[PDB]
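Single chain ahead, written as structure tokens, the form solved without this ligand.
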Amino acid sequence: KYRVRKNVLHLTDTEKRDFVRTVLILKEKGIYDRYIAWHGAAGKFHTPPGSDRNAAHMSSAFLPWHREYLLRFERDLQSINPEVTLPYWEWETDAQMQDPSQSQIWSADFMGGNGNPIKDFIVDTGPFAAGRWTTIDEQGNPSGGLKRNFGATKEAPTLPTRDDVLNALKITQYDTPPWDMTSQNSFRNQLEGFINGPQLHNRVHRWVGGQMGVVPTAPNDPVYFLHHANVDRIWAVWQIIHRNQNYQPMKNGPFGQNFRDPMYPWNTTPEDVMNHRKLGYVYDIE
């Protein structure tokens, strides 16, 4: 109830500038690379082995994993500059924009712009432009040059809308068997975006394109975290509406997916991050 995560569009110029600079310090120090690797490591831990489920996606842990993931990243931000909190990209308001590329999140003092088509959609503006920000491939080796390409795939031409979010918030159960991509009437899976997908969380990823478009490499782009803060916010809201609803599966799901299972690559459990206000933060909607 003390660290405030604000809407990106409500940040001051000094807030935008300070957040971007802590991120760059985290990159220069080698700490930011830890999160790219954690995320790529979580994607090849199948629960159980041979399953399409993994520790961080395509199953019930999707939401608590990224909550814990954002929680650590913001802790690393705060250790450099204690004023800094993780902002959230309310992409569902930007979807009403006649041209969402022109939103202030993409301004040159924050995330920088869309990909440049003549340079193969290499990002050449803002603080994470090529030559200012070096990316990493799946196998931990340099791959030179952030890329984006907004709305360029047929399956995700538009950002998810407010009605998408309101509809997801209606779903009555956190998750349902078989706790994977096929789960029906499941808030986790609906928000993750596999209900007639890509929608919501999956749809944003494909919309940004670039590394943001392939899940193992998506945290190469700083907007990933701003994206997932919003996903964490929607979850926070859902938990306050369906108060008498808790995590599922409680047990008898694959190991790593149950309420008290450690979430690879950590020992942190879903129960550990159920209450975000006890984790030290709130969203600027109270």
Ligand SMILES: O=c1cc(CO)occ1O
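One-based numbering along the sequence shown.
Of the two segments examined, 88 to 96 and 67 to 75, it is 88 to 96 that shows the higher average Cα temperature factor in the deposited entry.
Higher mean CA B-factor, judged across 137 to 145 and 102 to 110 from the recorded values: 137 to 145.
Each of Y224, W38, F45, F62 has a CA temperature factor in the record; the biggest one is found at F45. When the modelled residues of the chain are ordered by their C-alpha B factor, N230 lands in the lowest third.
When the CA B factors of the chain's modelled residues are split into thirds, the value for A156 lands in the highest one. The deposited CA B-factor of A218 belongs to the middle third of values across its chain. Annotation for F259: CA B-factor lies in the lowest third of the chain's modelled residues. When the CA B factors of the chain's modelled residues are split into thirds, the value for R34 lands in the lowest one.
Omitted here: the form solved in complex with this ligand. The next part is about that form.
Candidate site formed by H201, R206 and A218: every one of these residues places a non-hydrogen atom within 4.5 angstroms of this ligand in the bound PDB entry.
Comparing 142 to 150, 208 to 216, 71 to 79, 129 to 137 against this ligand in the bound PDB entry, the single stretch with non-hydrogen atoms within 4.5 angstroms of it is 208 to 216. Applying a 4.5 Å heavy atom cutoff to this ligand in the bound PDB entry picks out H39, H57 from 36 to 63, in order along the sequence.
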